[PDB]
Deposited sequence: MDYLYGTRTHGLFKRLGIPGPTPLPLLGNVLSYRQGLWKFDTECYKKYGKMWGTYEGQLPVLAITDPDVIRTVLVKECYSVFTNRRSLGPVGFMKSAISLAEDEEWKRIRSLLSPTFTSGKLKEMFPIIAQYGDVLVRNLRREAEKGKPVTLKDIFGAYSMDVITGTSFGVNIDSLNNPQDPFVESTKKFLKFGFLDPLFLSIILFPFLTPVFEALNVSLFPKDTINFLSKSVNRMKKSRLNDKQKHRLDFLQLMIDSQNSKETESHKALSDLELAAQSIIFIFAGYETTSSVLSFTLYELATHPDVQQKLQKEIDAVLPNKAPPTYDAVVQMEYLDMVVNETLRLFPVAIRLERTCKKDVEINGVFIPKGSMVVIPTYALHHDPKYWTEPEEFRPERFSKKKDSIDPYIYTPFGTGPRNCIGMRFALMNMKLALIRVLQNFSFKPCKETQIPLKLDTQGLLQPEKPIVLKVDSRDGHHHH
């Protein structure tokens, strides 16, 4: 209760904390659900405690633009106070202040639209693997469990592009890359370690000194073992430019991009199933641009307007990262409130994405929201990839992979519900947004 008066004192509303734990019990229902309930309850700003760590949640866009862009470098440079990660404290999402400022700089040339335009054929090759895989499953007439197919694609594309070559994960379950990377799936709140770290950060130096890491030590090595072993994609581009630092980044990319890409694709496809009119219209768009199942190309995949709007609206409904988190590296005035050092600020993307103030019929899937014809979207309400210098660096790359996959599958099949399709979709209560029950759809071919 050392800090459990901070918000009472500073005139900031919030749910009453419980000793030691904080409001953390409220997280078991899921953060997206907690973040919104508070939003509705407390308005523009509410405070909570993670054990002892205060947490300030801002919804006003200007305040957001302050935290995310204006004073990203003067104050809010780090995300969540670092945990027992050992040497992956070099990977870019985890580094802080200057160490990150460098690593960011030294990886930017890899994620420019130019290098992406370059990598395009190495990615689109993975769509042929994907189509066979989805035909196999649907040739039968058998409902398809999307997370198998598109989890597989997600990993194949990232593994191969990040380091190595095609694994065809679905048909090589015993591949040593497949079993080892599959272990990022259980990240966040689930592990006892994260809880003890969340509630008692002062143990973090301890676990480091005991070589106990949040990450699966069993796999971190095998990846590093395969990285140094190799020393067309991220690898060589990293090659041209420490050797531990290089080995981290390769792993974080797989981390930051494996499960997000996967959940978003099956989310997109779920919505196309339950709005067949949107599914035709995108099919029409695809067939006019690449007639007779033509091979995709970079400048096409980028200029497909509806397709962009379709991915974009899905990220409105399903911001897989739920919230954006920054740490005050110094005392700071955030919108007339005095916020001590170490504190965390939360920009509640999911809740802001579902606000009726900014989105007519917020629960409805309406790709038209993103018509370039309409008034541009506020980049601090819509924060699916972050904004500011700390945003998803692979943003352009992820949108490419998903669009590539979505095109290939939509050239060859449609998607519709069946008896086993959960409608409405329900979210799970842990980690990145995922469905309560896995998505299964009927996938008939167009011929």
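- Map the modelled residues onto the deposited sequence and report the uncovered stretches in sequence order. Several stretches lack coordinates - namely 1 to 6, 238 to 248, 259 to 270, 477 to 481, in sequence order.
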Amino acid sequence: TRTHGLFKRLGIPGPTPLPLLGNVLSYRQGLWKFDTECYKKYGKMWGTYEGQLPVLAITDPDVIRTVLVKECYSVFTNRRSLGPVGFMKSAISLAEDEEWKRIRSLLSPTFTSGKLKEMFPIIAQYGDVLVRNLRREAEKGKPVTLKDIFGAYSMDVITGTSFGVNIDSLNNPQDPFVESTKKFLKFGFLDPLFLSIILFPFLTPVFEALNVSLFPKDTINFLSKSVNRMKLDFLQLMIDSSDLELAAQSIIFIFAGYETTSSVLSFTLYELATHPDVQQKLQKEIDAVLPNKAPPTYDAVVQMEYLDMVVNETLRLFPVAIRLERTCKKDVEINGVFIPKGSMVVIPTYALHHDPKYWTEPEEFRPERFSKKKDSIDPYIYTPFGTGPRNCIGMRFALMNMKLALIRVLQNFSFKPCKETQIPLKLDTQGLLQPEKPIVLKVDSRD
From here on, numbers count along this sequence of modelled residues.
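C-alpha atoms forming the largest set that superposes within 1.5 Å between two forms make up the rigid core.
- Message: To spell it out: superpose each other structure in 5 other deposited structures of this protein onto this one by the rigid core, compute Cα RMS over structures and residues for 277 to 285 and for 183 to 191. Which is larger?
- Response: Between the two stretches, 183 to 191 moves farther in 5 other deposited structures of this protein.
- Task: After fitting on the rigid core, pick out whichever of 39 to 47 or 375 to 383 shows the bigger RMS C-alpha deviation in 5 other deposited structures of this protein.
- Result: When 39 to 47 and 375 to 383 are compared in 5 other deposited structures of this protein, the bigger C-alpha shift is seen for 375 to 383.
- Give yes or no for this: do at least a third of the other compared entries, each modelling residues before and after residue 302, lack coordinates for it? In all of the other entries, residue 302 has coordinates.
- Message: When the other structures of this protein are compared, and only where the residues around it are present, is residue 232 absent from a third or more of them?
- Response: In at least a third of the other entries, residue 232 has no coordinates.
- Message: Going by the mean C-alpha B-factor recorded in the entry, which is higher: 52 to 60 or 26 to 34?
- Response: Per the PDB record, 52 to 60.
- Message: Which is higher on mean Cα B factor in this entry, 213 to 221 or 250 to 258?
- Response: So the stretch with the higher mean C-alpha B-factor is 213 to 221.
- Compare the CA B factors listed in the entry for 145, 360, 228, 349 and report the winner. Among 145, 360, 228, 349, the PDB entry lists the largest C-alpha B-factor for 228.
- Message: In terms of recorded Cα temperature factor, pick the maximum from 355, 99, 368, 271.
- Response: Highest C-alpha B-factor among the listed options: 99.
- Pull the Cα B-factor of residue 316 out of the PDB entry and bin it into the chain's lowest, middle or highest third. It belongs to the lowest third of the chain when residues are ordered by C-alpha B-factor.
- Comparing against every modelled residue in the chain, figure out the third that the C-alpha B-factor of residue 263 lands in (lowest, middle or highest). For residue 263, whose C-alpha B-factor we compare with every modelled residue in the chain, the answer is the lowest third.
- Grab the CA temperature factor for residue 306 from the record and place it in the lowest, middle or highest third of its chain. Residue 306: CA B-factor falls in the lowest third of its chain.
- Query: Sorting the chain's CA B-factors, does residue 324 end up in the lowest, middle or highest third?
  - Reply: Lowest third.
- If you rank the chain by CA B-factor, which third does residue 117 end up in: lowest, middle or highest? Top third by C-alpha B-factor.
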